[PDB]
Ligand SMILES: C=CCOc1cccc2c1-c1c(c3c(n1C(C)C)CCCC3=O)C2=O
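Okay, so here's just one chain, in structure tokens, the form solved without the ligand.
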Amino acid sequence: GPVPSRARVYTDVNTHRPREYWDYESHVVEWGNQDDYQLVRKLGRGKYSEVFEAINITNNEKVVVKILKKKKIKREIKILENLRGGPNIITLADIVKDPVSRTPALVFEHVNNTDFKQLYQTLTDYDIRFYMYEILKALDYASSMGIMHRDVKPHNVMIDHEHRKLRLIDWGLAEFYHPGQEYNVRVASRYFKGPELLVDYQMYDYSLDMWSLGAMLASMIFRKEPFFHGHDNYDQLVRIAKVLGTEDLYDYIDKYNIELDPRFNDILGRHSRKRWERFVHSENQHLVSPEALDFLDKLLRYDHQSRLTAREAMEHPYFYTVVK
């Protein structure tokens, strides 16, 4: 069968916690006052909830209410409470029972966000570095607290560009990392899924989020949306292999004694690893530097154990120019 794997950092953080920290199933929700909040506008609907802009009439603060459509509820709540106050972690302000849905409604602080599409059109080199560093603060904190987000993507980063403020949001897919635990590979959005998910390797860890961050960075510095543009989860791996090469892919699956789905036999082909310069052109060159390429190269590795961790990434020369 497949060879096991463990995170190379923050491996045992949950084992040294009281059961209460990670045993989300046993968590007892503290309920607030639903009448404190007035819904103002529907912002959107996802697979698992509907999201509203609302006002907290007990202070006139704008808030965001997510009305949930089992146990994912307590998991998200527990993770949000565990991470509350951390750098760039969205703040859960309250939990109320919605009278119409009769499900929990999570109340979050508001962030005046700019649509990433419109906001990826304008970011300077400096601002890419600056905001990447801010996202890293959130991922280092989350992982240091034994949590993997599992859905890092531009839609889940809220940026108030005016105040240069960033929050990592939507922890509904997040999980507690337990060494040796097998996890569902049906997480993350297609274009941000790490190779571990695409080859059905279940014993993954925080390093999944670092792949997703790398895919985000590639899209930003190269002005290519998305960077790996698959038609489905299979073609998604082929798109990655056309950049990273098939030999390193086979080395990866060979290391973990993973066998590819045989349907790849007729679609994967043989591909060399490409040099990152291939993707540089007159329209994106001002966002590219040797430091950017080296940083990207160290995130986008097939082998989840070989990627930079969040803290290692923060140490990278790419961020030397960011004022701290």
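Note that residue numbering follows the sequence shown and begins at 1.
Note that the form deposited with the ligand bound isn't included here; everything after this is about it.
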query = Which one, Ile147, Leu249, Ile90, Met210, lies within 4.5 Å of the ligand in the deposited complex by heavy atoms?
reply = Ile90
task = Only one of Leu244, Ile253, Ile169, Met203 comes within 4.5 Å of the ligand in the deposited complex by heavy atoms, so just point that one out.
result = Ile169
request  = Decide whether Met158 counts as a contact residue for the ligand in the deposited complex under a heavy atom distance cut-off of 4.5 Å.
outcome  = yes
ask   = If you check in the deposited complex, is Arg45 within 4.5 Å of the ligand, heavy atoms only?
value = yes
query = Counting only non-hydrogen atoms and a 4.5 angstroms cut-off, does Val199 reach the ligand in the deposited complex?
reply = no
message = Within 4.5 Å, heavy atoms only: does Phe222 come near the ligand in the deposited complex?
response = no
